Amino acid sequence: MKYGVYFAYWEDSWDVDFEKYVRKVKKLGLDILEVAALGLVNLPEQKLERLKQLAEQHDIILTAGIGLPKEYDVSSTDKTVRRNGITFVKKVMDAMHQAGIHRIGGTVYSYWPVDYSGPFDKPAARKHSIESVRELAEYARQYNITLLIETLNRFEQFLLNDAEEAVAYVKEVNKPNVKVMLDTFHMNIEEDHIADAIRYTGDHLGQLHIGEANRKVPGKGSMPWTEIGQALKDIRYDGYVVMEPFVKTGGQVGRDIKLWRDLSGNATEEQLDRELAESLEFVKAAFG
């Protein structure tokens, strides 16, 4: 298994420089850095190449996270919006290729965060989503890119809220480079039992995001880490485990995560480094 962290752990916005995090993640003994697709898509070619070279130099695997905004809703019944979203994701994949990034995960199949103030049509959004994802899966092939379909809690999305819906959705898409991404934060809200959801997903599981129920670093909460560790052994998961802790309130990241109090005790960059190092040791012990 390979362990990583989302750069956003340390930041207040999605669109920042990533180069610093490649060295840092290697220093901390991690295998993977996950960066925001948003911070790649208009990055100059010079900087996409520099990022690729830094990852090679440090032997770090780079992955990309995305939440498509309303304007790029690939699940929209509005054809103009749908096509705008597809074009935007193709552009994201063009940039991914130059940075040497092969995996894109998150809400790449609809928009995030969902706005429930207006009405929606789950059935119609779903079939548009599947056709959009098949087309993006086909475009991805030329770059050996894999799409990771994130299962989200009801408050952030309406399409895929549990492992059952996500597995059914991905089976129907029926593409080898389209897999399910599970997330302890989201599973904690929607599943009867977190370990059983992982077991159910089995061969469909392309990536696991991990954090506590309130998105603190593993070890600070009551997530059943040993059971999760056992479930991953049960499906012989040899894939990527990416820590996705959010403990900072006030920024664009704070607002989109909806964190309205500090959970870091005003932790400095250095303090967040040490806690993540301890968290990683804890998770690896918990996973054997």
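Residue numbers here begin at 1 and follow the sequence given.
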Averaging CA B factors per stretch from the PDB record, which one is higher: 157-165 or 118-126?
118-126
Looking at the deposited entry, does 170-178 or 206-214 carry the larger mean Cα B-factor?
170-178
Considering only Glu56, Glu34, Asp31, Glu45, which residue's Cα atom bears the greatest B-factor as recorded?
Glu56
If I read the C-alpha B-factors straight from the PDB entry, which of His102, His186, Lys79, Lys90 is highest?
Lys79
Tell me, lowest, middle or highest third: where does the Cα B factor of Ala285 rank within its chain?
highest
Place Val5 in the lowest, middle or highest third of its chain's C-alpha B-factors, as listed in the PDB entry.
lowest
Pull the Cα B-factor of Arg141 out of the PDB entry and bin it into the chain's lowest, middle or highest third.
highest
Quick check for you: using the entry's CA B-factors within this chain, is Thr226 in the lowest, middle or highest third?
middle
Classify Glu131 as lowest, middle or highest third according to the C-alpha B-factor given in the PDB entry, relative to its own chain.
highest
